[PDB]
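# Breakdown of the fold
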Amino acid sequence: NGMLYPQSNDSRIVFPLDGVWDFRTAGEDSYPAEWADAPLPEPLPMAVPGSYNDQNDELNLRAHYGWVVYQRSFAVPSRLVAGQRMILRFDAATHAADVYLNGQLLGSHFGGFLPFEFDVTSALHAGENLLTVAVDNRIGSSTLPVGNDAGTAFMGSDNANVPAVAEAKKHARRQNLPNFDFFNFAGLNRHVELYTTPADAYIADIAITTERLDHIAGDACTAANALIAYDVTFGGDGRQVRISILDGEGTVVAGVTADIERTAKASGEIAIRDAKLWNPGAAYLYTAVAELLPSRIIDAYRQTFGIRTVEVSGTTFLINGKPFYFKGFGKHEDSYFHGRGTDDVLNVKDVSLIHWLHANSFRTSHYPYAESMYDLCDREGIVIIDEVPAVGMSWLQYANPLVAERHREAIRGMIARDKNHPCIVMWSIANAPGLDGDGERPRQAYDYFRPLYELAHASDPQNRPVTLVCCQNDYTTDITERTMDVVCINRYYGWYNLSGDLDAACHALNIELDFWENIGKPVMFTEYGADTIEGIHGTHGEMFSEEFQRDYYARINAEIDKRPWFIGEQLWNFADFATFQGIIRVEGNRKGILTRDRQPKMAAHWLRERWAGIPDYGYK
Amino acid sequence: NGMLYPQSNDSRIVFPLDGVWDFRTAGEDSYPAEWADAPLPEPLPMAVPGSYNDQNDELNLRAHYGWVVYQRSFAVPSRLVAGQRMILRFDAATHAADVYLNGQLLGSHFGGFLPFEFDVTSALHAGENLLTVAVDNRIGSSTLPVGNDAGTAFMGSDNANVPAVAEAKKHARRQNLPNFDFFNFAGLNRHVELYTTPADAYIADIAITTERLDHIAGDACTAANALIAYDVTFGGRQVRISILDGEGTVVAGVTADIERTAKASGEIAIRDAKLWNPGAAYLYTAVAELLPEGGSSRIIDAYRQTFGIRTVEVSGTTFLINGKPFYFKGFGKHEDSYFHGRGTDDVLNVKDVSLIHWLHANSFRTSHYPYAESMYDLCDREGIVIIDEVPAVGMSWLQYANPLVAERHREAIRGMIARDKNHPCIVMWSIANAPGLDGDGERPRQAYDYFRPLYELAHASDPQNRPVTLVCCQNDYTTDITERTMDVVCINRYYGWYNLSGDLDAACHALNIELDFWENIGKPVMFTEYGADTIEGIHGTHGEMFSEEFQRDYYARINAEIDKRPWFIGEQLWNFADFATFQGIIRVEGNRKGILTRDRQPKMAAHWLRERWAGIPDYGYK
Ligand SMILES: O=C(O)[C@H]1O[C@@H](Oc2cc3ccccc3oc2=O)[C@H](O)[C@@H](O)[C@@H]1O
Ligand SMILES: O=C(O)[C@H]1O[C@@H](Oc2cc3ccccc3oc2=O)[C@H](O)[C@@H](O)[C@@H]1O
């Protein structure tokens, strides 16, 4: 289950396959399999990584439904492949892919936001190799994220009772209809690379955990002793693995040799004296170096980690034993040109903006992000709530075992990929599913989600808190949200209801806060906000003005400040982002406190000033 | 002098070093050299490739003056470096760099827009290697592009006679003051990679030229015969040259003797050759294979060089591609985007080429510096013509007497042409943008004496011997004696914008007076800039300056005038898209003369131009 990011070292090399590929669109339900046997005819250029949808203005690829086919050639020296295990990794292909090498089907993947790989040792040959990747963008009632099989996209307008409308629907061009509020960007959204490991025996997975901290400093910068655990998995076939712990300056501060036992695994614990802890706003990273022993080294892998604990205790959220307060937002992987394509310039800039704002956290709304963003947040001291793509869900999905299977894959896959990041403090198993109502519906939702809550706990060796992000609903008939480790609520009082009336919005919010006060869980906002067009101004700000967005946060935040059990404020959204078109989306979702080009609206300045005065620890 | 882009094949591998590096700002005139000896203290993250300026909103890196230091570590298997020649290539470090590996100074480079490399065979070691790169952003009276040592940035406002202003200037924080109208984005703007070649003997350079075409078809798609030439240089006997067509079929091949300094050269006849044309690209591959003594079947080294078969000839007032009279449709561009700055972005390059097609344009100029190599490969495959330009922008008489500037200028011309010579999409070289050329006394002759040797140098350096131009600023064309001697006259004119403002009747009258002057000169003439700053969303029934309507009306009126001149062979407007500049009173969040917004969205004028260009053929318009 290990999916360690490809590394280059004395025992391993990575050969990136990013660049400008060849590309063709294909059919709604098929593509020509023979395209894997020869160069694509009349190809278009297509940069990888990137969504394909915004990379060709002659076409309207945002309207594309079904398959596209990518292809490129590559060659590597015979010297490099000799005796090695050769692996082809796709960091993400959104949503499903069939992969061919030299005309041989390697296999397929379903799930648009997690990495997958193939052993191509036997399919590779000398000279030029032809790599063909068919990618399917289709979403529907059995996918995560969820699409609608008929009707409209989420938040779409209709006149369904007009006979002409009903008839035209029957014959309209097939389109994906997201049951979620972000554009269905598709393609090779993240990197592609060929990499090598030793063949006879190799490191397959590494898990590092913080088991216990002894005598944590008052400022939490250090602990007198930290007990960490390692678990290393091997593939291949009295062997041993050397584990070296490097501090921030690369000094080997601890080292052990562990026996490998057969399924082939080595595990143990290491005590670190005067351990330097990882904290929001004050990152510190160690490296665990694993070396498979025969002076020689057979294989090696360098795994970054941070030493810190996470504990929900009553209505507090303790990081290294200190009461943490979330400041931040949901984000999206979204930008002009790239779409959902990973862009590390943008990631570096965004992390700097999180600091400029004096925020300390975000959520990976609504899918796991590119691996590089978590590495960045590890080094920059920004906390993450890591979320699977289970958005758009309701009772139709809970009754479908295929969806449950995909959901379990997404949870296991996210945690297997991301478990070693100190920046991740909580897992989210869904966003805005249907949880409330009458009859059997609330119990049916609980019966669907409770085993997934348990799965996220079982899968994470650090046993971090697990939540489910709840959409505005009848909280009195929802019986699932209140059972989560942290209550995470999306609320739009004064925007989607009581519209523009901030007094009424705050009154309604306080009524629901009184409800949560009794439940006795820690609670935080994971969404709240107001669409805002930069440059629209009013002396008495109305909806869509910069002033209304600022006033909205000023009023709502004054209310949650009065509740000691309310442990965080993550707003919606960090930045404006693309959506399916519709009458409430002014060139996408405009609830960003920043524009899509990362420029600050009035509310961003107001929030920066507020957040400057709120400490990471001890606010409540 | 060869700088072939790194390739992976059976004898060569490339190891990319892009990613998130460590980064620190340093001083105005220095940086700590000891930072090369250990990991940078308290580093910031910085993505490579990219400009650094817009990658950290906590800092104000747009205001930074002087040095920054990049650093990262890397490791590669010993088995792959063993016995190989190891080269570290920087596609671009803007503007100057000192490079260290494991604490050893490899060397330095000046020139922010062309690649450079170091042999690191001896400096590499097993395990982790520490690569430290100091990058200097400073510009001034001896750099290309040119900065101002004092005063204001180009087209900056001043009240120089106010004593308080004069005094405050003396004590103001040092800042780069561009003498050019684009922001001074700096850093590791393009890719970094380590690559290998065989050590004993290897291919160092390849030049492919189209020497002659016989009996070109009426539609220019083919010629009965094409004579091409190859010139292969080696470092560190025979080389096999194979010519592969679009399907990879070997249609021609010769084995050539290597003579010492070590080179092989010759000619190859291609019967029924498929030609490269604007709007109808066709590419061959020349595969060069170094053969062992002497001799066996095995290959010592190989390189695959893309090329296209086409001729370029200025004839009277026509610009002939494959003997057909071409008409340029397009624009100056910039490598410019949110977040990336001047950083190369192939998603953006792929998108921009699709927009060039959407507009029905056929060409652009690399204003005002050589672009990333990948964009030329893309234009080769997409049939888009390029005017390739060096960063000699902001120049005036202060520079012409400066030997360091002249050397840097010669370096840029030789470096650009050495890097870019094999692209069929490149049809013309530009040796400068908007230098001072006119005036009285000795000034016009001084400018001519500076630029004429550079014109000759561009001709001597290009084995294809393509036309050479100098892109001319709006000036007194009657006292300029340099522009009229270029192979194609390329003019930047802003009648109705920077002069006769808003009066399109007067602008067209003035343009026609200057066109009458060029009609007498008897050379082919094209626009390389003309336009109007335009804020998307500003509208008027009678469009005034900055409205979308005025921009549309501007092109409608000016283009109607040049359509009347048979010797006017192209229209490249300013600009493809809005881009960042130094701040000032005439730049509304940068330069807004884009027909597209900075996010590549079309203004009214873009739609009008799309319809116009749809009706103008690549060949035979005039
Ligand atoms: O609407 C948004 O901006 C975000 O909506 C979230 O889901 C919710 C939608 C509504 C709609 C009407 C009334 C209350 C709601 O409460 C919600 O939580 C969704 O999580 C985001 O992805 C959307 O972008
Ligand atoms: O001004 C621009 O938008 C571009 O100007 C070009 O150079 C010239 C500037 C001026 C200024 C005042 C009057 C006439 C001018 O004519 C010019 O040719 C320059 O090449 C571009 O880089 C600028 O962005």
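Residues numbered from 1 in each chain as written, not as in the entry; some residues may be left out. Chains lettered and ligands numbered in written order. Part of a larger assembly, values for the part shown. Heavy atoms only, no water.

For this deposition, the record names X-ray crystallography as the technique by which the model was determined and cites 1.4500 Å as its resolution.

### Things to note about the overall build of chain A
In terms of helices and strands, chain A carries 10 helices and 30 strands. Against the compact-globule benchmark of 25 Å for 620 residues, chain A has a radius of gyration of 25 Å, which places it among compact chains. Taken along the three principal axes of its C-alpha coordinates, chain A extends 70 × 65 × 50 Å. Burial analysis of chain A (620 residues in total) assigns 61% to the buried set. Carbon and sulfur atoms form 50% of the exposed surface of chain A, whose accessible area is close to 22,000 Å². With 55 positive and 82 negative side-chain charges, chain A shows a spacing of 2 Å between the two charge centroids. (Helix = DSSP H or I, 4+ residues; strand = E, 2+ residues; numbered from the N terminus. Rg over C-alpha atoms; globule rule 2.2 N^0.38 Å. Buried < 20%, exposed > 50% of the residue type's maximum accessible area, 1.4 Å probe, protein only. Areas by Shrake-Rupley, 256 points an atom, 1.4 Å probe, with all protein chains shown as cover. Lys, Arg positive; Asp, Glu negative; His and termini not counted. Charge placed at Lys NZ, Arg CZ, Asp CG, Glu CD.)

### Quick notes on the UniProt feature "binding site: beta-D-glucuronate" (unreviewed entry) in chain B
Residues and elements named next belong to chain B. According to UniProt, the feature "binding site: beta-D-glucuronate" (unreviewed entry) maps to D181, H368, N433, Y498, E529, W574, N591 and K593 in the numbering used here. For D181, a relative accessible area of 16% translates into the label buried. Setting aside residues no more than four positions away along its own chain, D181 makes contact with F154, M155, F579, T581, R587 and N591. For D181, the side chain forms a polar contact with the side chain of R587, separated by 2.9 Å. Among the structural elements, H368 can be located in the loop between β22 (363–365) and α4 (373–382). With residues up to four places along the chain from it excluded, the contact list for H368 reads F182, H334, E389, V390, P391, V393, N433, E529 and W574. (UniProt positions renumbered as here; feature names shortened; annotations may be inferred. Contact = heavy atoms within 4.5 Å. Polar contact = N/O pair within 3.5 Å; in protein donor to acceptor, adjacent residues only side chain to side chain.)

### So, the domain arrangement of chain B
Residues and elements named next belong to chain B. Taken as a whole, chain B is organised into domain 1 (1–198), domain 2 (199–311) and domain 3 (312–622). The distance between the C-alpha centroids of domain 2 and domain 3 comes to 32 Å. Of all residues in domain 2, the largest losses of buried area upon contact with domain 3 belong to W276, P278 and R310, amounting jointly to 35% of the total for that side. The partner of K421 in a salt bridge is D205, with the nearest N and O atoms 2.9 Å apart. Secondary structure elements with two or more residues in the side of domain 2 that touches domain 3: β11 (202–216) and β17 (301–307). Take the side of domain 2 that touches domain 3: its biggest share by element is eight residues, from β11. (Domains from an automatic or database assignment. Buried area = accessible area lost by both parts, 1.4 Å probe. Salt bridge = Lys/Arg side-chain N within 4 Å of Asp/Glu carboxyl O.)

### A look at the nonpolar core
Within the largest apolar cluster, 112 residues are counted, with the highest numbers of intra-cluster contacts made by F317, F326, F329, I429 and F449 of chain A. Sorting elements by how many residues they give to this core places helix α8 (residues 502–519) of chain A first, with eight residues. Split by domain, the residues of this core number at least three in each of domain 1 (1–198) and domain 3 (310–620) of chain A. Contact partners of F329 of chain A, with chain neighbours within four places excluded, come to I354, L357, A359, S361, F362, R363, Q570, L571, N573, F574, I593 and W611 of chain A. Membership of the second largest hydrophobic core comes to 111 residues, among which are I426, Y450, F451 and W613 of chain B. (Core = buried A, V, L, I, M, F, W, Y, C linked by side-chain atoms within 4.5 Å.)

### Observations regarding the side chain of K421 of chain B
Residues and elements named next belong to chain B. Along the chain, the position of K421 falls in the loop between α6 (403–420) and β24 (426–433). Residue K421 is classed as buried on the basis of its relative accessible area of 9%. Beyond its immediate chain neighbours, meaning those up to four positions away, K421 contacts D205, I206, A207, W429, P463 and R466.

### Description of the site of ligand 2
Residues and elements named next belong to chain B. With respect to spatial proximity, 15 residues lie near ligand 2, and among them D181, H368, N433, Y498 and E529 are the closest. Take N433: an N or O atom from its side chain is 2.8 Å from an oxygen atom of ligand 2. One of the backbone N or O atoms of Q474 is found 3.3 Å from an oxygen atom in ligand 2. Burial of ligand 2 by the protein chains amounts to 89% of its free accessible area of 490 Å². Looking at side-chain class alone, the shell around ligand 2 contains six nonpolar, five polar and four charged residues. (Near = heavy atom within 4 Å. Nonpolar A, V, L, I, M, F, W, Y, C, P; charged D, E, K, R; others polar.)

### Some details on the packing of aromatic side chains
Applying the stated criterion across every chain, the model contains 82 aromatic pairs over all chains. A connected cluster of aromatic rings, assembled from ring pairs, spans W495, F525, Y528, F544, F548, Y552, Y553, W565 and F566 of chain A. When the ring centre of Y336 of chain A is taken as origin, the NZ or CZ atom of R596 of chain A, which lies over that ring, is 4.5 Å away. Just above the ring of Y338 of chain B sits the side chain of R598 of chain B; from NZ or CZ to the centre is 4.4 Å. (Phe/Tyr/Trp six-rings, centres within 6.5 Å; stacked < 30°, edge-to-face > 60°. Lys NZ or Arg CZ within 6 Å of the ring centre and 35° of its normal.)

### So, helix α3 (residues 346–358) of chain B
Residue and element names in this part refer to chain B. Helix length check: α3 (13 residues) gives 18 Å between terminal C-alpha atoms against 18 Å at 1.5 Å per residue, within 8%. For α3, a buried count of 13 out of 13 residues is recorded, marking the element as mostly surrounded by other parts of the structure. The N-terminus of α3 is capped by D345, whose side-chain oxygen sits 3.0 Å from the backbone nitrogen of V347. (Expected span 1.5 Å × (residues − 1).)

### A short note on the site of ligand 1
All names here are of chain A. Among the 15 residues in the neighbourhood of ligand 1, the closest are listed as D181, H366, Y496, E527 and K591. Take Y496: an N or O atom from its side chain is 2.4 Å from an oxygen atom of ligand 1. Between ligand 1 and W572 there is a distance of 2.9 Å, counted from an oxygen atom to a side-chain nitrogen or oxygen. Considering ligand 1 on its own, with 490 Å² of exposed area, one finds that the protein chains cover 89% of that surface. Residues of the shell around ligand 1, tallied by class, amount to six nonpolar, five polar and four charged.

### Quick look at the sheet that holds strand β19 (residues 318–321) of chain B
All names here are of chain B. Strand order across the open sheet formed by three strands is β18-β19-β20, with antiparallel pairing between neighbours. Each end of this open sheet is capped by a strand with a single partner; those strands are β18 (312–315) and β20 (324–325). Sheet analysis places β19 next to β20, joined by two bridges and oriented antiparallel. Counted as the bridge partner of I321 is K324 from β20. (Pairing = 2+ DSSP bridges.)

### Some words on the sheet that holds strand β21 (residues 328–332) of chain B
Residue and element names in this part refer to chain B. What the eight strands build is a closed barrel, ordered β21-β22-β23-β24-β25-β26-β27-β28; its pairing is parallel. Neighbouring strand axes in the sheet, compared pairwise and without regard to direction, differ in orientation by 25° on average. As paired elements, β24 and strand β25 (residues 468–472) share three bridges and run parallel to each other. For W429, the partnering residue across the bridge sits in β25 and is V468. Here helix α10 (residues 604–614) sits on the sheet and contacts β21 and β28 (568–573); the angle it forms with β28, its principal contact strand, is near 155°. (Axes fitted to C-alpha atoms, helices over the stretch in contact; angles between N-to-C directions.)

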